[PDB]
Amino acid sequence: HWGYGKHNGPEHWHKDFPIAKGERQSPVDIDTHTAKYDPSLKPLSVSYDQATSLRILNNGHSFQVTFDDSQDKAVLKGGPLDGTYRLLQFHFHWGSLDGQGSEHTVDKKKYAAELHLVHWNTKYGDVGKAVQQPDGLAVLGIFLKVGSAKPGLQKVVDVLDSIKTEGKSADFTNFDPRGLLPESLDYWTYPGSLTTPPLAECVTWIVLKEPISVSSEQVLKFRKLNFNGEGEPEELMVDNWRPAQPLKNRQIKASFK
Ligand SMILES: COc1cc2c[n+](Cc3cc(OC)c(OC)c(OC)c3)ccc2cc1OS(N)(=O)=O
Ligand SMILES: [Zn+2]
């Protein structure tokens, strides 16, 4: 089954998921000199004041915080989107070294990690239906660089000890995702896919220009999670990122000049 190792990593995924070689795969390198300023793009509207986090889970390839998406509590709208998208979860991708870990790159520059906030289009009623649609999901991507600590991330960092191995989960209530956002909401956008299997091409990507800073002590605690389940040979959860895919017939648009 798929993963990020030598024998089951991204270069192998196409054998189980032929769409891995598709026309709108993610992530991509963002070439800042060929991205196109689009003045018709609206500002992002991020309404997270009513968010209700539920649980944090090690799913064997990442860790994720899940939210209550049974109502329009935490929604994303505006930008390139039509309609309302509800926040479902966030998770991270990170590296074994501070020079790698992000999935998207900017002028070939890799960041230490990348935060994905996954939202689904309420027009489709449930996330399972949305993944079958070209505009089903919107993923907000935020880069992490190593520097000063990010205080709003520390509650996540402090609980990772309790979900060290695959399948462990814990109650994780009253977490405010607004503490993870950069100051500016300037963004690039392009049509893309999930970066994990089944790699469905259902995502409007929104990648923020401004990275957030995290401390070396914060990101080191990511690197001590395990891919394996408890009682299996230990395997540190690092480099759980898919490399950049061909842009093919797509245009990256920028909201900022
Ligand atoms: C942890 O990484 C991810 C978890 C995801 C989890 N989901 C949830 C999901 C995905 C589904 O199908 C793919 C579902 O229908 C089978 C479904 O029914 C409830 C729920 C969707 C997209 C995801 C994308 C993810 O990665 S990414 N990098 O493309 O944002
Ligand atoms: Zn992701």
In whole Hz, the Karplus estimates of ³J(HN,Hα) for segment 66-78 (6.51, -1.76, 1.60; θ = phi - 60°; x where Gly or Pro) are 9, 10, 6, 10, 7, 8, 7, 8, 10, 10, 10, 8, x
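If packing is taken as the average count of other Cβ atoms within 10 Å, what order do 230-238, 173-181, 205-213 fall into, highest mean first?
205-213, 173-181, 230-238
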At the level of C-alpha centres, the distance separating segment 105-152 and segment 208-257, in angstrom, is 11 Å
Going through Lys155/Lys224; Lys6/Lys209; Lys110/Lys253; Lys110/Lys150; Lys110/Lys155; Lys21/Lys129 one by one, the pairs whose alpha carbons sit over 28 Å apart turn out to be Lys6/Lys209
Expressed as a percent, the portion of alpha-carbon pairs in segment 21-159 spaced more than 24 Å apart is 38 percent
Along the dipole axis of segment 1-107 (charges at Cβ: +1 for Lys and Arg, -1 for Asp and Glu; origin at the Cα centre), the most positive-end residue among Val28, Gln100, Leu57 is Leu57
Mean separation of Cα contacts under 8 Å (at least 6 apart) over the residue count of segment 39-112, i.e. the relative contact order in percent, is 25 percent
Burial-style ranking of 5-15, 32-42, 102-112, 126-136, average other-beta-carbon count within 10 Å with highest first, yields 102-112, 126-136, 5-15, 32-42
Connecting every pair of Cα atoms under 10 Å apart in the chain and solving the GNM, the largest mean-square fluctuation among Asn228, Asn58, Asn240 falls on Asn228
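Computed from the mean reciprocal separation of all distinct C-alpha pairs, what Kirkwood hydrodynamic radius does segment 1-60 have, in Å?
It works out to 16.4 Å.
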Given Cβ charges of +1 for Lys and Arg and -1 for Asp and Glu, the option among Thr173, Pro151, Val139 whose Cα lies farthest towards the positive end of the dipole of segment 119-257 is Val139
Here the net charge surrounding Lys6, from other residues whose Cβ is less than 13 Å away from its Cβ (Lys, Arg +1; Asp, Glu -1), is -3
Ratio for the chain, C-alpha Rg to 2.2 N^0.38 Å, reads 0.95
Computed about the Cα centre, the charge dipole of the chain from +1 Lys/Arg and -1 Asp/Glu charges at the Cβ has a magnitude in debye, to the nearest 20, of 580 debye
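Bear in mind that the values in this text are calculations on the coordinates, not laboratory data. Cβ: placed from backbone, ideal geometry, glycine included. Neighbour counts: every protein chain shown.
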